[PDB]
Amino acid sequence: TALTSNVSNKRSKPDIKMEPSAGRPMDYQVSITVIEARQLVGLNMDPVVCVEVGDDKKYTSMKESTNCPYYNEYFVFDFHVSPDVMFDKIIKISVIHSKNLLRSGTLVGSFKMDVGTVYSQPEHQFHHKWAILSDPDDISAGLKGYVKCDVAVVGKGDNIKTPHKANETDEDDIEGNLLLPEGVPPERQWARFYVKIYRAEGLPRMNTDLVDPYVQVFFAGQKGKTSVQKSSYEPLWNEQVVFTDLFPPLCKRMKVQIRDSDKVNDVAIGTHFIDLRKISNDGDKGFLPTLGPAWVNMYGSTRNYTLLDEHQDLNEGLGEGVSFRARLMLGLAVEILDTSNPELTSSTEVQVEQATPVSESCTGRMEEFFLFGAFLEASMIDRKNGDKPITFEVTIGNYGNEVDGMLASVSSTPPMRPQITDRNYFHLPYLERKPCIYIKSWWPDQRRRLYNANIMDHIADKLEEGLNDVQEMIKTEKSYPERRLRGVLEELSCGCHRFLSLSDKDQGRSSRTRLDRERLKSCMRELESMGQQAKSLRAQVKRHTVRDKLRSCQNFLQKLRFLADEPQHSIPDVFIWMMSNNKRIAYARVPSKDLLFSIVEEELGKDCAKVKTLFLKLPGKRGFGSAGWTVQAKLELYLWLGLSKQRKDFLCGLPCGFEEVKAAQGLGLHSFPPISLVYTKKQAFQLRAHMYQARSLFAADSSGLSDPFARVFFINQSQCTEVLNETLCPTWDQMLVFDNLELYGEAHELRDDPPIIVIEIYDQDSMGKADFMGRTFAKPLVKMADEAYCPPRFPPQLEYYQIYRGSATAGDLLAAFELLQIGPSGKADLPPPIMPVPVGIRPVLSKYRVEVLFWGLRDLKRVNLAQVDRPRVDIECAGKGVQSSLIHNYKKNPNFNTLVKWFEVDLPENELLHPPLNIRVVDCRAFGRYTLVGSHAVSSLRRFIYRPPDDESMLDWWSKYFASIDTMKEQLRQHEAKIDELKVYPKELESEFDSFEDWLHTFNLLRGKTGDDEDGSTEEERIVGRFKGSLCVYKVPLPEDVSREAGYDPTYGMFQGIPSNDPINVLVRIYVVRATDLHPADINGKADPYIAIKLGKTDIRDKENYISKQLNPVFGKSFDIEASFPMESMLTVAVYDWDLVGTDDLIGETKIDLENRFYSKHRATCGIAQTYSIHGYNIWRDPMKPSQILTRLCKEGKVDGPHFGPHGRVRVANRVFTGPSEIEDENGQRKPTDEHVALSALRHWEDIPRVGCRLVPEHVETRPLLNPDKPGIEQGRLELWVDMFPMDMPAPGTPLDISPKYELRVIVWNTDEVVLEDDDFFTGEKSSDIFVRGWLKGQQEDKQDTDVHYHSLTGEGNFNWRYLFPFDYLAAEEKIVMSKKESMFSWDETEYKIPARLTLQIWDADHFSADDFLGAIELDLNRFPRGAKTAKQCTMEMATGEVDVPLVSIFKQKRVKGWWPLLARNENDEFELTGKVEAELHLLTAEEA
Ligand SMILES: [Ca+2]
Ligand SMILES: [Ca+2]
Ligand SMILES: [Ca+2]
Ligand SMILES: [Ca+2]
Ligand SMILES: [Ca+2]
Ligand SMILES: [Ca+2]
Ligand SMILES: [Ca+2]
């Protein structure tokens, strides 16, 4: 096999984000529609479905006296909350019987499932699924029914694919389509959910200052609370709260929080979320959810009491808690109750009882832990803070809270005044005197949980860094990323095999709780499986499938990160605060799992014994948005945590060469921790920040540009590159230098882990503060005084750094940073008042001609509420520019009078280093005041860079469409007789023909400030138009044969053969076929669709020909609409809901652009047919013949042709195509033509060498409909195709028929030889009261009976009786069509199809009972035999399979009279001659009837 890459070629850029997903509220949308319900238990009830999401509920309409109601009612719940509290919001799909405002309704049943279960779906919805309604009152009660519904969760920027909303005619099994996730059994059993609540320790002051705590625990909408331990900082409850809910629970979390029992203003202290998935596994391999008895750590607001607490929401767990509040002993046990046992009390009510007490030894030995801190630097402090001195306080648990009051331990650095770095930032002058802290704490000795989780996160971090390396190597396009992913999977397999030896060495301890046995075995099983799952993915991954298998590796990473989270906390997280003369400012959080010390590296924490760069941020809501862009502090702390009996080597991670200054209590004790360090090893370093060019920056000015300049932060110094004016892609070309910086430590320690550089990009304004486009972080290429400035690592080439303005990306930044150590010879050891970046670091430039096809401008919006009059497009690239011609009037002709004009500009040699090209439209008035109208920047030019080459009379259009749709279904089946077809396309026509942008690319135009997440706007409020055109970027011109593709005209450029620019009148001919899965637009759950079409200035609607009460309509209409291209090009085909009173409501609309369809070489104006004909349903609809089609494409293609020998062959270019020679019309004679073979040539037009293209066939495109009222959701699927024909060719013919019926008359004359039933009273032989029963479609509507011929002794009867059967017919398929309801619960009319056979039966009439069956015959209307002249001529061959009796179709003969037999089974189960009948079959049309 191919080898593996085992080194890191990339990932020097740190992906630090100041605004993670936690805590940020983002607009969530849940949408729920109850379709129907079935089998609901009750007697003459009136069900109304009540759907609640959290704190509010919304009912349906009341249905009368049915156990199977139908609603189809849509509900929209919008909530602007955080994702974690959105996922914990519960849905409460219920059914209420007889709901009214006077008396409370009686609940039939209910069902519960939170939002996060719905969001865990592969496309975040459940489709047409049936919710079992259990009984929340009785656990012994049975199933109370099912409720079909759709539950969908869609967020901001999320788009949803909607499946087919099939009706109940396509019958569905309930038990195979339930509203459950995968793996849960349908008969979910009851289970007691105990939570055992023992004791809390370390509560803060809350009254002024005492605490009166209790615990309130929420689960699945239920709650229970414990007693109140008044005036106790360390309360003892010893109470357990028992729930009773369905297992496994679909609300997969628990809230456990402490609350003050204030008499007026009771409020939380801290909240822990028991994530119920982490403590359980399903199936017989899994185990029941259990936790504890072990402590848990809870976080909230600051412990210092504020009356108007701005962080009160953090006490309730709504964000990332900023300080340690309390620690609570917790437990959980799940026991399945056997509901069939009658002695157990059947209430589901939450109860509180006294728990079984446990000692404190069961949670672990109370060992004492040591945390050591060292503040090496404190830079980038906000200027608004440092008018007073700043301290830093480190607090873990209650330890470190010496200032508030709740070995003499020290927790605060000494106060000092900050020194000014620049206009935005301070820095503390620590220099060589680093302040330090040391704390002593007492925690349980559950280090094994954190050690196993450290091994898990070590494997996960190696895997994630490897996947980021593979992604970056694919993005950079390095050599063979397949080898790199194979090496990553090898390292993942080695890590998974490494866990099996490291997490199993200390199983004999008595502190080993119940959960960390089952969970430990669970992750042993998971990593044991992953140990060869990674090796199978190693054999499966190759070069062509690396992107697909990276998703499987991401699944592996997500599973590993699921495994690494430890639900049983032992040590709380360590908090680092900053206070300005004790007033709290900013905070940070380090997990104590990452600071724990152990002797082998994988179970060692990743942040232990090393200096980590840590950015403080404002607490809570202040850290989001505009208030917290500026960094509150950039620290680099040293932190160590572990046993005090493991304190032998906790200084060795620090930079070397420091004197250790200890306090007065440690004089003479060499093992005493230091109060401060004083460094003595001064090392000198110099940062040259080579920057070339930022790109795609945020727009922070009203003109839509910015004035960018970058502040560079390193240690304690700051410098700026110069301000460039009105550009979002600056070329600064400026190297900054920080000279004679003083680092501390030894040289080789910072080589492989260098310090950080913060690069904040600012928008210079006229006065006051500069605006902010974000920041990026960097790690430099550090060289020493002795190593050579040599290849491959030196000189540093530039790389892109991703800038983030908080959450959203806001540009890239081309830079290379280097730390050069000033050595023994001074600066002479370093190879080299604004300086440019030096050679070898800047990209080498070769000249490129940029040729722009200035086609036109569409949909231009107002500038200063005035319409665009004279637009001119300036295009800029790397400083050079070309100016287009002026549009003289945008209203009449929005196009330029000169096609191609070009300009020369040096560009980088490799295409990855290219700047974005800057198109820009301005309003060019007199006297040079060119205000901006729009601009588009974000593009890559490798898309545009040229590189040189090397009965049959009843057939209709619907028969064609159904033949094509079964061809499409069989093509789906193979991938997962004489009727010609067409290519049905199941998507938009754009996605199979690259939006018809083969030469006419479309660029979207923007103007203005880029909107904020709350106070800003979408990109639809920033679009000011669209520029249609093209680009062609190439080097010094190629040799003569390649240069002949441009050499005819410099005003044409390389766009030789582009069609002309003059406006042309054209007719649009829209055919609408049908629509599927429409959204309910009325209160009845359905709508009244009709077509509404807009194109430029013309609006045509068909509200007089609406379709009533249908969600799957068949339109069958054609629309000949006049348009003037290019002004009237924007078509929007829409469906509208007819309303009897008030106003019509929009159903949906789709955007379809017809300029790209007009001007493409794919010919989307008219699809070519698969076969030629001049008559019938397969008529050629295009006015100009296939010979004209290929002469058009031959002169437009610069290709010789056509050439004709005989009519059966056509030669175009170097290839010869064949086909049939003759054409038939309706009269029946033959005549030769060339159009068949010509059409065969366009069907194979891709075989042409130079301008080979995929011409579209005749087709049924299907566009998804979108609604501005509910964007991002697929409203429906509308089938249509568009034809276009210009007016200066000859006009098209009449539009084709695409628009979406008889009566049989039967006369029964006589009977003979019929079997007999009733014994004679006088003579004793049998007899029959013969009468005839007949129906065509069914006995529901077509049941008709004759008079009774009483007392027949041989079968002879005389009736002369008439039936009538009206019906609809499909002559192509021999199917009778009727319209009827599906069931009693339906509220629509549905079309069905049956075989076209008439049923005739003979019966015996009784005056005291039901009729008795005698015989029957089923007669096909196209194949029933001719009747015999007499009764005795009728034999067995008239009903059996013998061919001796001729067969007659009633649609050709129209009247057949004679005799027929009838058959029924006797006692020997064989069919015999049970009777005969004389009949007459007659046919009339619907017009004759
Ligand atoms: Ca109180
Ligand atoms: Ca500004
Ligand atoms: Ca500005
Ligand atoms: Ca309506
Ligand atoms: Ca309506
Ligand atoms: Ca009878
Ligand atoms: Ca009878």
# chains A, B, ... in the order shown; residues from 1 in each chain; ligands from 1
>>> residues_around(residues="stretch 386-403 of chain A", least_positions_apart="5", cutoff="8 Å", atoms="only C-alpha atoms", output="MDAnalysis selection string")
chainID A and resid 202 324:325 373 381 409:418 426 437 439:441 572:582
>>> write_last_selection(atoms="C-alpha atoms", output="CSV table (one decimal), in the first residue's frame")
chain,number,residue,atom,x,y,z
A,202,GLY,CA,-19.1,26.6,50.3
A,324,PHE,CA,-17.4,29.3,41.6
A,325,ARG,CA,-20.6,29.5,43.5
A,373,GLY,CA,0.5,30.5,39.4
A,381,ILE,CA,-5.4,46.1,29.2
A,409,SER,CA,-2.0,31.6,51.4
A,410,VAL,CA,-1.7,34.5,48.9
A,411,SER,CA,-4.0,34.8,45.9
A,412,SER,CA,-3.5,38.4,44.6
A,413,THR,CA,-0.6,40.0,42.7
A,414,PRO,CA,0.6,43.3,44.2
A,415,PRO,CA,-1.1,46.4,42.7
A,416,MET,CA,0.8,48.5,40.3
A,417,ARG,CA,0.1,51.4,37.9
A,418,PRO,CA,-0.1,50.5,34.2
A,426,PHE,CA,-2.0,49.6,28.6
A,437,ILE,CA,0.5,33.0,43.7
A,439,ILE,CA,-2.9,28.2,47.0
A,440,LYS,CA,-3.8,25.3,49.2
A,441,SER,CA,-7.1,23.4,48.5
A,572,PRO,CA,-13.6,22.9,40.0
A,573,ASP,CA,-12.2,25.2,37.3
A,574,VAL,CA,-9.6,27.8,38.3
A,575,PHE,CA,-10.6,31.4,37.7
A,576,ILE,CA,-8.3,34.3,36.9
A,577,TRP,CA,-9.7,37.8,37.6
A,578,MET,CA,-8.5,41.3,37.2
A,579,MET,CA,-9.6,44.0,39.6
A,580,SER,CA,-9.0,47.8,39.5
A,581,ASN,CA,-8.5,48.6,43.2
A,582,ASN,CA,-10.7,45.6,44.1
>>> residues_near_ligand(ligand="ligand 7", cutoff="10 Å", atoms="only C-alpha atoms and all ligand atoms", output="compact mmCIF listing (two decimals) with C-alpha atoms, in the first residue's frame")
# COMPACT_ATOMS: atom_id res chain seq x y z
CA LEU A 1316 -81.79 -23.26 -7.94
CA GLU A 1317 -82.03 -22.80 -4.17
CA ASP A 1318 -85.51 -23.10 -2.64
CA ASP A 1319 -87.38 -26.40 -2.38
CA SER A 1327 -86.47 -23.51 -7.90
CA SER A 1328 -85.09 -19.97 -7.92
CA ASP A 1329 -86.49 -16.43 -7.77
CA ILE A 1330 -84.06 -15.08 -10.34
CA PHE A 1331 -83.06 -11.42 -10.51
CA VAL A 1348 -87.74 -10.67 -9.71
CA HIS A 1349 -88.96 -13.53 -11.91
CA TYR A 1350 -90.48 -15.73 -9.23
CA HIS A 1351 -90.62 -19.55 -9.27
CA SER A 1352 -88.29 -20.46 -12.11
CA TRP A 1403 -79.10 -13.70 -7.31
CA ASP A 1404 -82.10 -15.37 -5.68
CA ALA A 1405 -84.66 -13.21 -3.88
CA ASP A 1406 -86.06 -14.16 -0.47
CA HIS A 1407 -88.90 -12.31 1.25
CA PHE A 1408 -87.56 -12.93 4.77
CA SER A 1409 -83.74 -12.83 4.53
CA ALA A 1410 -80.82 -11.62 2.43
CA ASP A 1411 -80.31 -12.60 -1.20
CA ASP A 1412 -78.48 -15.80 -2.16
>>> residues_near_ligand(ligand="ligand 4", cutoff="10 Å", atoms="only C-alpha atoms and all ligand atoms", output="ChimeraX atom specification")
/A:1080-1088,1136-1147
>>> closest_atom_pairs(of="chain A", to="ligand 2", cutoff="12 Å", atoms="only C-alpha atoms and all ligand atoms", output="CSV")
residue,atom,partner,partner_atom_place_in_ligand_line,distance
A:698,CA,ligand 2,1 (Ca),10.9
A:699,CA,ligand 2,1 (Ca),8.4
A:700,CA,ligand 2,1 (Ca),5.0
A:701,CA,ligand 2,1 (Ca),4.2
A:702,CA,ligand 2,1 (Ca),7.0
A:703,CA,ligand 2,1 (Ca),9.2
A:704,CA,ligand 2,1 (Ca),9.6
A:705,CA,ligand 2,1 (Ca),8.9
A:706,CA,ligand 2,1 (Ca),6.8
A:707,CA,ligand 2,1 (Ca),7.7
A:708,CA,ligand 2,1 (Ca),10.0
A:725,CA,ligand 2,1 (Ca),11.4
A:726,CA,ligand 2,1 (Ca),10.5
A:762,CA,ligand 2,1 (Ca),9.1
A:763,CA,ligand 2,1 (Ca),5.8
A:764,CA,ligand 2,1 (Ca),6.5
A:765,CA,ligand 2,1 (Ca),5.1
A:766,CA,ligand 2,1 (Ca),8.1
A:767,CA,ligand 2,1 (Ca),9.5
A:768,CA,ligand 2,1 (Ca),9.9
A:769,CA,ligand 2,1 (Ca),8.8
A:770,CA,ligand 2,1 (Ca),6.7
A:771,CA,ligand 2,1 (Ca),5.5
A:772,CA,ligand 2,1 (Ca),8.5
A:773,CA,ligand 2,1 (Ca),10.1
A:1008,CA,ligand 2,1 (Ca),11.0
A:1009,CA,ligand 2,1 (Ca),9.1
A:1010,CA,ligand 2,1 (Ca),11.7
>>> write_last_selection(atoms="N, CA and C atoms", output="PDB file, in the first residue's frame")
ATOM      1  N   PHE A 698     -13.818  43.690   6.572  1.00  0.00           N
ATOM      2  CA  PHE A 698     -15.113  44.213   6.977  1.00  0.00           C
ATOM      3  C   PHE A 698     -15.213  45.671   6.539  1.00  0.00           C
ATOM      4  N   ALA A 699     -16.436  46.118   6.264  1.00  0.00           N
ATOM      5  CA  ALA A 699     -16.690  47.481   5.810  1.00  0.00           C
ATOM      6  C   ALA A 699     -17.245  48.292   6.974  1.00  0.00           C
ATOM      7  N   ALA A 700     -16.452  49.235   7.480  1.00  0.00           N
ATOM      8  CA  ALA A 700     -16.818  50.004   8.663  1.00  0.00           C
ATOM      9  C   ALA A 700     -17.048  51.480   8.366  1.00  0.00           C
ATOM     10  N   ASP A 701     -17.211  51.852   7.101  1.00  0.00           N
ATOM     11  CA  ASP A 701     -17.553  53.214   6.723  1.00  0.00           C
ATOM     12  C   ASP A 701     -18.890  53.220   5.997  1.00  0.00           C
ATOM     13  N   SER A 702     -19.510  54.403   5.940  1.00  0.00           N
ATOM     14  CA  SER A 702     -20.809  54.545   5.291  1.00  0.00           C
ATOM     15  C   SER A 702     -20.731  54.374   3.779  1.00  0.00           C
ATOM     16  N   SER A 703     -19.545  54.533   3.188  1.00  0.00           N
ATOM     17  CA  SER A 703     -19.395  54.339   1.752  1.00  0.00           C
ATOM     18  C   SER A 703     -19.229  52.872   1.380  1.00  0.00           C
ATOM     19  N   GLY A 704     -19.145  51.977   2.360  1.00  0.00           N
ATOM     20  CA  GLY A 704     -18.948  50.572   2.073  1.00  0.00           C
ATOM     21  C   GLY A 704     -17.506  50.138   1.966  1.00  0.00           C
ATOM     22  N   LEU A 705     -16.558  51.061   2.104  1.00  0.00           N
ATOM     23  CA  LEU A 705     -15.140  50.761   2.178  1.00  0.00           C
ATOM     24  C   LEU A 705     -14.679  50.891   3.629  1.00  0.00           C
ATOM     25  N   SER A 706     -13.366  50.858   3.835  1.00  0.00           N
ATOM     26  CA  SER A 706     -12.790  51.140   5.139  1.00  0.00           C
ATOM     27  C   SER A 706     -11.483  51.888   4.937  1.00  0.00           C
ATOM     28  N   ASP A 707     -10.844  52.224   6.045  1.00  0.00           N
ATOM     29  CA  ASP A 707      -9.523  52.833   6.006  1.00  0.00           C
ATOM     30  C   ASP A 707      -8.587  51.988   6.860  1.00  0.00           C
ATOM     31  N   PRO A 708      -8.106  50.858   6.337  1.00  0.00           N
ATOM     32  CA  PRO A 708      -7.498  49.835   7.199  1.00  0.00           C
ATOM     33  C   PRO A 708      -6.055  50.153   7.566  1.00  0.00           C
ATOM     34  N   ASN A 725      -6.491  54.396   2.070  1.00  0.00           N
ATOM     35  CA  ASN A 725      -7.773  55.082   2.023  1.00  0.00           C
ATOM     36  C   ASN A 725      -8.731  54.399   1.056  1.00  0.00           C
ATOM     37  N   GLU A 726      -9.908  54.046   1.579  1.00  0.00           N
ATOM     38  CA  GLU A 726     -11.074  53.579   0.822  1.00  0.00           C
ATOM     39  C   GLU A 726     -10.779  52.306   0.027  1.00  0.00           C
ATOM     40  N   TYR A 762      -7.928  48.258  12.217  1.00  0.00           N
ATOM     41  CA  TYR A 762      -8.726  49.411  12.601  1.00  0.00           C
ATOM     42  C   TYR A 762      -9.034  50.292  11.394  1.00  0.00           C
ATOM     43  N   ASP A 763     -10.192  50.957  11.444  1.00  0.00           N
ATOM     44  CA  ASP A 763     -10.686  51.819  10.368  1.00  0.00           C
ATOM     45  C   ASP A 763     -10.505  53.267  10.808  1.00  0.00           C
ATOM     46  N   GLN A 764      -9.557  53.963  10.189  1.00  0.00           N
ATOM     47  CA  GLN A 764      -9.293  55.344  10.564  1.00  0.00           C
ATOM     48  C   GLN A 764     -10.415  56.256  10.084  1.00  0.00           C
ATOM     49  N   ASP A 765     -10.919  57.083  10.991  1.00  0.00           N
ATOM     50  CA  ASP A 765     -11.995  58.011  10.692  1.00  0.00           C
ATOM     51  C   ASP A 765     -11.469  59.436  10.776  1.00  0.00           C
ATOM     52  N   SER A 766     -12.384  60.394  10.602  1.00  0.00           N
ATOM     53  CA  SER A 766     -11.996  61.802  10.582  1.00  0.00           C
ATOM     54  C   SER A 766     -11.558  62.283  11.961  1.00  0.00           C
ATOM     55  N   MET A 767     -12.314  61.935  12.999  1.00  0.00           N
ATOM     56  CA  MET A 767     -11.973  62.322  14.359  1.00  0.00           C
ATOM     57  C   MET A 767     -12.499  61.271  15.325  1.00  0.00           C
ATOM     58  N   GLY A 768     -11.924  61.258  16.525  1.00  0.00           N
ATOM     59  CA  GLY A 768     -12.351  60.291  17.514  1.00  0.00           C
ATOM     60  C   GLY A 768     -11.722  58.924  17.298  1.00  0.00           C
ATOM     61  N   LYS A 769     -12.402  57.903  17.812  1.00  0.00           N
ATOM     62  CA  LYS A 769     -11.865  56.550  17.803  1.00  0.00           C
ATOM     63  C   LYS A 769     -11.945  55.929  16.412  1.00  0.00           C
ATOM     64  N   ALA A 770     -10.997  55.039  16.134  1.00  0.00           N
ATOM     65  CA  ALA A 770     -11.051  54.222  14.932  1.00  0.00           C
ATOM     66  C   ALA A 770     -12.003  53.048  15.126  1.00  0.00           C
ATOM     67  N   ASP A 771     -12.697  52.671  14.054  1.00  0.00           N
ATOM     68  CA  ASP A 771     -13.576  51.510  14.080  1.00  0.00           C
ATOM     69  C   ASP A 771     -12.763  50.220  13.996  1.00  0.00           C
ATOM     70  N   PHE A 772     -13.459  49.087  13.997  1.00  0.00           N
ATOM     71  CA  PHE A 772     -12.822  47.795  14.224  1.00  0.00           C
ATOM     72  C   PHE A 772     -13.310  46.772  13.203  1.00  0.00           C
ATOM     73  N   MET A 773     -12.382  46.158  12.459  1.00  0.00           N
ATOM     74  CA  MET A 773     -12.751  45.063  11.566  1.00  0.00           C
ATOM     75  C   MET A 773     -12.405  43.690  12.122  1.00  0.00           C
ATOM     76  N   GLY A1008     -22.312  49.492   1.775  1.00  0.00           N
ATOM     77  CA  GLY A1008     -22.656  49.872   3.125  1.00  0.00           C
ATOM     78  C   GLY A1008     -21.893  49.079   4.169  1.00  0.00           C
ATOM     79  N   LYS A1009     -22.165  49.412   5.429  1.00  0.00           N
ATOM     80  CA  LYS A1009     -21.539  48.717   6.543  1.00  0.00           C
ATOM     81  C   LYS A1009     -22.063  47.291   6.638  1.00  0.00           C
ATOM     82  N   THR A1010     -21.151  46.350   6.872  1.00  0.00           N
ATOM     83  CA  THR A1010     -21.554  44.968   7.086  1.00  0.00           C
ATOM     84  C   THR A1010     -22.278  44.857   8.422  1.00  0.00           C
TER      85      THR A1010
END
>>> closest_residue(among="A:137, A:175, A:1345, A:78", to="residue A:154", atoms="only C-alpha atoms")
A:78
>>> residues_around(residues="stretch 857-869 of chain A", least_positions_apart="6", cutoff="7 Å", atoms="only C-alpha atoms", output="PyMOL selection string")
chain A and resi 889-890+894-895+923+933+1024-1028
>>> residues_near_ligand(ligand="ligand 1", cutoff="12 Å", atoms="only C-alpha atoms and all ligand atoms", output="PyMOL selection string")
chain A and resi 203-214+228-233+258-269
>>> closest_residue(among="A:934, A:1089, A:831, A:342", to="ligand 5", atoms="only C-alpha atoms and all ligand atoms")
A:1089
>>> closest_residue(among="A:880, A:535, A:1211, A:1259", to="residue A:983", atoms="only C-alpha atoms")
A:1259
>>> closest_residue(among="A:295, A:1369, A:1052, A:848", to="residue A:1397", atoms="only C-alpha atoms")
A:1369
>>> residues_around(residues="residue A:1484", least_positions_apart="4", cutoff="6 Å", atoms="only C-alpha atoms", output="VMD selection string")
chain A and resid 1302 to 1303 1488
>>> decode(residues="stretch 1249-1261 of chain A", atoms="N, CA, C and O atoms", output="PDB file, in the first residue's frame")
ATOM      1  N   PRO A1249     -15.478  18.953 -31.293  1.00  0.00           N
ATOM      2  CA  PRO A1249     -14.193  19.164 -30.602  1.00  0.00           C
ATOM      3  C   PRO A1249     -14.062  20.466 -29.819  1.00  0.00           C
ATOM      4  O   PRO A1249     -13.694  20.439 -28.641  1.00  0.00           O
ATOM      5  N   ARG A1250     -14.353  21.606 -30.447  1.00  0.00           N
ATOM      6  CA  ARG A1250     -14.021  22.881 -29.820  1.00  0.00           C
ATOM      7  C   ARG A1250     -15.181  23.437 -29.001  1.00  0.00           C
ATOM      8  O   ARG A1250     -15.002  23.784 -27.828  1.00  0.00           O
ATOM      9  N   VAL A1251     -16.372  23.527 -29.590  1.00  0.00           N
ATOM     10  CA  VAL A1251     -17.480  24.243 -28.966  1.00  0.00           C
ATOM     11  C   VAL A1251     -18.533  23.178 -28.652  1.00  0.00           C
ATOM     12  O   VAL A1251     -19.744  23.402 -28.771  1.00  0.00           O
ATOM     13  N   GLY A1252     -18.064  21.978 -28.311  1.00  0.00           N
ATOM     14  CA  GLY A1252     -18.943  20.904 -27.883  1.00  0.00           C
ATOM     15  C   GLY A1252     -19.687  21.228 -26.604  1.00  0.00           C
ATOM     16  O   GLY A1252     -19.072  21.542 -25.581  1.00  0.00           O
ATOM     17  N   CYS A1253     -21.015  21.149 -26.649  1.00  0.00           N
ATOM     18  CA  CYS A1253     -21.853  21.624 -25.560  1.00  0.00           C
ATOM     19  C   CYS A1253     -22.989  20.644 -25.314  1.00  0.00           C
ATOM     20  O   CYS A1253     -23.297  19.796 -26.156  1.00  0.00           O
ATOM     21  N   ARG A1254     -23.605  20.766 -24.138  1.00  0.00           N
ATOM     22  CA  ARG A1254     -24.751  19.938 -23.766  1.00  0.00           C
ATOM     23  C   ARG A1254     -26.037  20.734 -23.991  1.00  0.00           C
ATOM     24  O   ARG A1254     -26.487  21.518 -23.153  1.00  0.00           O
ATOM     25  N   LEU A1255     -26.624  20.527 -25.168  1.00  0.00           N
ATOM     26  CA  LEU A1255     -27.914  21.127 -25.477  1.00  0.00           C
ATOM     27  C   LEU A1255     -29.009  20.466 -24.653  1.00  0.00           C
ATOM     28  O   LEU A1255     -28.991  19.250 -24.446  1.00  0.00           O
ATOM     29  N   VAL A1256     -29.949  21.269 -24.163  1.00  0.00           N
ATOM     30  CA  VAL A1256     -30.969  20.707 -23.270  1.00  0.00           C
ATOM     31  C   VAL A1256     -31.987  19.934 -24.103  1.00  0.00           C
ATOM     32  O   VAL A1256     -32.202  20.265 -25.284  1.00  0.00           O
ATOM     33  N   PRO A1257     -32.583  18.873 -23.572  1.00  0.00           N
ATOM     34  CA  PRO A1257     -33.707  18.244 -24.264  1.00  0.00           C
ATOM     35  C   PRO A1257     -35.006  18.932 -23.884  1.00  0.00           C
ATOM     36  O   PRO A1257     -35.033  19.845 -23.057  1.00  0.00           O
ATOM     37  N   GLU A1258     -36.092  18.501 -24.520  1.00  0.00           N
ATOM     38  CA  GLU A1258     -37.411  18.844 -24.011  1.00  0.00           C
ATOM     39  C   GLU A1258     -37.597  18.182 -22.651  1.00  0.00           C
ATOM     40  O   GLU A1258     -37.180  17.041 -22.434  1.00  0.00           O
ATOM     41  N   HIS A1259     -38.163  18.925 -21.707  1.00  0.00           N
ATOM     42  CA  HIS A1259     -37.935  18.588 -20.310  1.00  0.00           C
ATOM     43  C   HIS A1259     -39.083  19.084 -19.448  1.00  0.00           C
ATOM     44  O   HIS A1259     -39.874  19.937 -19.854  1.00  0.00           O
ATOM     45  N   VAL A1260     -39.164  18.518 -18.244  1.00  0.00           N
ATOM     46  CA  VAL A1260     -39.971  19.049 -17.153  1.00  0.00           C
ATOM     47  C   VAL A1260     -39.047  19.350 -15.982  1.00  0.00           C
ATOM     48  O   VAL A1260     -38.712  18.451 -15.201  1.00  0.00           O
ATOM     49  N   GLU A1261     -38.644  20.606 -15.860  1.00  0.00           N
ATOM     50  CA  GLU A1261     -37.868  21.087 -14.728  1.00  0.00           C
ATOM     51  C   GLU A1261     -38.788  21.201 -13.515  1.00  0.00           C
ATOM     52  O   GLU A1261     -40.001  21.352 -13.649  1.00  0.00           O
TER      53      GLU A1261
END
